[PDB]
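Everything below concerns the one structure shown next.
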């Protein structure tokens, strides 16, 4: 009978329990990791969204970091700014101190110097304060910080350029003008030029001494008491012609010629005042050679003269100033060099509309004695203009021209500006926090959602599938016993 085979089928179902044992193993597999890529995720997209949820928090952890970057930049902005308030308020203090009419002009100059220091510090803070390189107060700019998982989900920080100029205190001045005056300064002594003393021309101007040959022995002796040059002269072939002679010097090319058609040596020899040994033409600095060339190149028309400045305050007290090169009504601060020559002060600066350049220091400003300088169509303080680049950093206020009207109002309006900017930033923080809380709340919630897809087994469900393990194992046990039953049942026939 085919029962052996038909039973084999009934055993194939028992062997199918071995496949159910493969299901026990498959269950053990489903319980092994809890989750398997065996397509329990089909609307993969929908199930992928769970992984996107975690990716959201990944973007949200970076978001929290961002947020904290923003928070820090918020904190930092106010930090660096606090100093600015700290500086300006102090200026206010000087503004009160200034309104005092008992103050002398020297007092006012002193107060102005500290105001200038405070304003300069404000400008440094504005230019250097940074966060990760962002110059938070150097320019108007809105920083967008991604604090959410998706595009455009950001919190914006509106940064403003806060400096002396934007605050309207770039020319805040409390100084008063001094009555400017001068007196001629006939600077003394001589200096040597580039003009080298050419002696070859002497012997032909000294033929009237005769002999065979007339030559100057050594260097010419100059006399800074008379401006006269003298020469030791050896007249080869002559009788009583050797001795000291006064020589005429060509102040242009340096030629040396016997002076005054002298027919015999000076009585008494070389004068006692002729002690300098010169190799070059001496110039009574008095011609202001370089100063005059600088004035011409500058476009200055008038005749120049060296004067000593004087400044008189409101109380009739006068102090002496330095040396100056007066031209017309203008005064150019000057310096007298080693050799007694004089040079107009210059400041040295970069660009304007490209390249290195130079301007001459005039005496002006809010007090009448501040070194100012004209670049382009402007007139800045020399202190500011020194080493400045108008290419890399153009746009600027000239030097203060007069005393500032209503300085306390202006300063108040300035601080008001600083303050409102700070409110936006700090309130930004709290907004960041408020935003962190929205996202944060949804974060705790999203994690509750990934738990459905992010699936796996432990108590409740483990017991369901574990009880099922033993339940099905009971089944495999049933067919383990029932695995031996058939083979024997089939062998009963005799």
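Just to be sure, is residue 409 in a helix (DSSP H, G or I), touching a helix residue (DSSP H, G or I) at 6+ places or on another chain (Cβ under 6 Å) and within 30 Å of residue 90 (Cα to Cα)? No; evaluated as a whole, the condition is false for this residue. For the residues 145, 111, the requirement of being surrounded by 14 or more Cβ atoms within 10 Å (Cβ to Cβ) and touching a strand residue (DSSP E or B) at 6+ places or on another chain (Cβ under 9 Å) singles out 145. Exactly one residue out of 155, 122 is part of a strand (DSSP E or B), touching a helix residue (DSSP H, G or I) at 6+ places or on another chain (Cβ under 6 Å) and touching a residue at least 24 places away in the same chain (Cβ under 8 Å): that is 155.
From the list 490, 479, 408, which one is farther than 30 Å from residue 354 by Cβ, touching a residue at least 24 places away in the same chain (Cβ under 8 Å) and crowded, with 17+ Cβ neighbours inside 10 Å? Exactly one of 490, 479, 408 is farther than 30 Å from residue 354 by Cβ, touching a residue at least 24 places away in the same chain (Cβ under 8 Å) and crowded, with 17+ Cβ neighbours inside 10 Å, namely 479. Filtering the stretch 138-152 to residues that are in a strand (DSSP E or B) and farther than 24 Å from residue 88 by Cα leaves 142, 143, 144, 145, 146. Go through the residues of the stretch 434-451 one by one and say whether even a single one is part of a helix (DSSP H, G or I), surrounded by 18 or more Cβ atoms within 10 Å (Cβ to Cβ), touching a strand residue (DSSP E or B) at 6+ places or on another chain (Cβ under 6 Å) and in contact (Cβ under 8 Å) with a residue 24 or more places away in the chain. Looking through the stretch 434-451, at least one residue is part of a helix (DSSP H, G or I), surrounded by 18 or more Cβ atoms within 10 Å (Cβ to Cβ), touching a strand residue (DSSP E or B) at 6+ places or on another chain (Cβ under 6 Å) and in contact (Cβ under 8 Å) with a residue 24 or more places away in the chain. The single condition among (1) touching a helix residue (DSSP H, G or I) at 6+ places or on another chain (Cβ under 8 Å); (2) part of a loop (DSSP other than H, G, I, E, B); (3) surrounded by fewer than 18 Cβ atoms within 10 Å (Cβ to Cβ) that residue 169 does not satisfy is (3).
Filtered by the rule that a residue be exposed (fewer than 15 other Cβ atoms within 10 Å of the Cβ) and within 18 Å of residue 189 (Cβ to Cβ), the stretch 285-300 gives 287, 290. Within the stretch 225-281, the set of residues being buried (at least 16 other Cβ atoms within 10 Å of the Cβ), more than 16 Å from residue 199 (Cβ to Cβ) and within 60 Å of the chain's Cα centre (by Cα) comprises 228, 274.
Okay, residues lined up against (1) under 30 Å from residue 435 (Cβ atoms); (2) crowded, with 17+ Cβ neighbours inside 10 Å; (3) in the same structural domain as residue 440 (by CATH):
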site: 5; (1), (2), (3): no, no, no
site: 10; (1), (2), (3): no, no, no
site: 17; (1), (2), (3): no, yes, no
site: 21; (1), (2), (3): no, yes, no
site: 38; (1), (2), (3): no, no, no
site: 50; (1), (2), (3): yes, yes, yes
site: 54; (1), (2), (3): yes, no, yes
site: 59; (1), (2), (3): yes, yes, yes
site: 66; (1), (2), (3): yes, yes, yes
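Of the numbered criteria (1) closer than 24 Å to residue 54 by Cβ; (2) part of a helix (DSSP H, G or I), the one residue 457 fails is (2).
Entry remark, the stretch 1-53: residues being over 20 Å from residue 473 (Cβ atoms) and either in contact with a helix residue (DSSP H, G or I) (Cβ under 6 Å, 6 or more places away or on another chain) or not in a helix (DSSP H, G or I) (or both) number 17 in total.
Is one or more of the residues making up the stretch 379-397 closer than 25 Å to residue 89 by Cα, touching a residue at least 60 places away in the same chain (Cβ under 8 Å) and more than 23 Å from the chain's Cα centre (by Cα)? No: zero hits.
Numbers and lists here come from the model and the stated rules, or from a named source; these are not laboratory values. When we count neighbours, we look across all protein chains shown, and the Cβ atoms used for this are built from the backbone with ideal geometry, even at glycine.
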